[PDB]
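Going down the list, the sequences are from chains O and L.
261 is the number of the first residue of the first sequence in the authors' numbering; add one for each residue after it.
27 is the number of the first residue of the second sequence in the authors' numbering; add one for each residue after it.
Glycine is no exception: its CB is placed at the ideal position from the N, C-alpha and C atoms.
Written below as structure tokens is the structure these notes are about.
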Amino acid sequence: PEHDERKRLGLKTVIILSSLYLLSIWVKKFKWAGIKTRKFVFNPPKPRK
Amino acid sequence: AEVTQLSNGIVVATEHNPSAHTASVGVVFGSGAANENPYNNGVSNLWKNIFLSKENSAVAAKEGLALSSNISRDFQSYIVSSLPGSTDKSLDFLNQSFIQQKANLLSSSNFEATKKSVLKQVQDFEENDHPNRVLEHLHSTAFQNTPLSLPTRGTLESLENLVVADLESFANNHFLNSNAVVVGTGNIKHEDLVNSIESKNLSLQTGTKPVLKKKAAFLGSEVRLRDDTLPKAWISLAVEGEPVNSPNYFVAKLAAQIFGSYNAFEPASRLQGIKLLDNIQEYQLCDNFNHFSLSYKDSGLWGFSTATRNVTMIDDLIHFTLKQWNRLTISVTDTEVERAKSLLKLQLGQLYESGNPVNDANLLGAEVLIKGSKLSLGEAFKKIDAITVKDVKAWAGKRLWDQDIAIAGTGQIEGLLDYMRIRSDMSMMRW
């Protein structure tokens, strides 16, 4: 007997949860942009030591 | 200070002082390390040591003359000192090494002896002077790919490719009459300097300096030079500041005087009226710090440098300092602005009124090249006295609140965190 009400609350939940999923992919790629393009150079030290 | 342009286009500036026992005459040019490219970086440092070479200094020492030189990012200077009454002898020496005869200093025996001396100085600077090479790496990461990122001494890789034809090419483009100011400080008066210059007729050709393509721009970035065999950690951090001829030139200088300098081993520097010292003295987070405000022709830097041996609490020293910078936007008080007014007038009163005519000749000539005149010390004191708390909050909300930073560090800097946790301390999350 809940069948008509269950399918209407499921329409509100899926729209909100799929918008939060797409917004969190954007925010994660912004905060990780400094780590992903980091560069490293190696000059071997002189054998004084 | 009296400025006068002559009939052939030479600008003469003089600051007479009758209670001095020396006099200084020199030439200041308006091109520095920011007028080079990455291939000839270091030709200004080589021209300085050619002027101060042994065969040049021996000719001046027989007349009772001393030589000085200074290379900066916007200017260069070549200054001769003497007794007050030998000032025409120091003009004849300066004539015979910049105007009438310059090919005897660039001989092959003198050039190769000078080049190996400069190569030893830059190599010693890169392995031993850690607070000064971190501040040079801060300029190269904040203004990268722009003329304001080249070091003033040159690099070790660029200096070994320079020949005698590179120095003649730089002199032909930059040592011109329209780029120069003739200065004089100490016991020398303005009319005897002008009449002595006008007695030698001085043809002095009419070239013009080459103009740069790129304008200086700030970029938020970082560079880390980790070295675990060193005993300390040296860190510099800055935002974009004010240029020369800015309306907020003195407001940025007063904001750096609020936080000031510190030495942990001096007993009187631990008693200063700075609220940052309550946080850092409980666990002894650092050895020393100092706040600066550097200004150039195009842009500037505002920040602090530090050195510490507490290598496991580096993240508390950066967090406590940046939380005090937040208070300039929201909750700076009235006693902190009145204290920084008095200490700023004492600081630049000791800069512009030392007893050294070589220091005064560098400050005078660098200012006439940019503005055409020099601001008096009495008029600078009235500008500082008219700064309010609302002027500080308006400047800091534009320059400091939620802005990009540039970081540089060397030594045991493992405890220094990422960029994004230092960048997020530039706002408070409260407001």
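Closest by CA to residue i, which one among the options?
i      : options                           : result
L:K241 : L:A278, L:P173 and L:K279         : L:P173
L:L327 : L:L109, L:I214 and L:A282         : L:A282
L:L182 : L:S357, L:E292, L:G329 and L:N67  : L:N67
L:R365 : L:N199, L:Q298 and L:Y378         : L:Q298
L:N388 : L:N34, L:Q31, L:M339 and L:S94    : L:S94
L:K408 : L:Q350, L:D430 and L:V277         : L:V277
L:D218 : L:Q429, L:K416 and L:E28          : L:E28
L:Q307 : L:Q127, L:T334 and L:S321         : L:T334
L:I433 : L:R99, L:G329 and L:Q149          : L:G329
L:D417 : L:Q438, L:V363 and L:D430         : L:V363
L:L238 : L:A59, L:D360 and L:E81           : L:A59
L:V106 : L:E440, L:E81, L:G398 and L:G210  : L:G210
L:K74  : L:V53, L:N63 and L:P64            : L:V53
L:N130 : L:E194, L:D451, L:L348 and L:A87  : L:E194
L:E292 : L:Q438, L:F315, L:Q127 and L:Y65  : L:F315
L:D114 : L:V148, L:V51 and L:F151          : L:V51
L:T167 : L:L251, L:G111 and L:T338         : L:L251
L:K128 : L:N198, L:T178 and L:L176         : L:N198
L:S321 : L:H165, L:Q350, L:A139 and L:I410 : L:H165
L:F77  : L:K141, L:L370, L:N271 and L:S184 : L:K141
L:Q126 : L:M452, L:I439 and L:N227         : L:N227
L:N96  : L:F55, L:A84, L:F119 and L:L120   : L:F55
L:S325 : L:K367, L:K301, L:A243 and L:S247 : L:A243
Determine, for residue i, whether the minimum Cβ-Cβ distance to residues of chain L falls below 8 angstroms.
i      : result
O:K296 : no
List, in chain order, every chain L residue whose beta-carbon is nearer than 7 angstroms to that of residue i.
i      : result
O:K291 : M446
Compare the C-beta of residue i against all C-beta atoms of chain A and say whether one is closer than 8 angstroms.
i      : result
O:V301 : The structure shown contains no chain A; its protein chains are O and L.
Taking 7 angstroms as the cut-off, is the beta-carbon of residue i closer than that to any non-hydrogen atom of the ligand FMN?
i      : result
L:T255 : Annotation note on the ligand FMN: not contained in the displayed structure, which lists no ligands.
Applying the 10 Å Cβ sphere with the 16-neighbour rule, what's the burial state of residue i?
i                      : result
O:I285                 : exposed
O:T273                 : exposed
L:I340                 : buried
L:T332                 : buried
L:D304                 : exposed
L:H163                 : buried
L:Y104                 : buried
L:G286                 : buried
L:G180                 : buried
L:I261                 : buried
L:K258                 : buried
L:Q373                 : exposed
L:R296                 : exposed
L:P383                 : buried
O:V301                 : exposed
L:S123                 : buried
residue 476 of chain L : Examination of residue 476 of chain L is not possible in this model, given that chain L is present from 27 through 457 alone.
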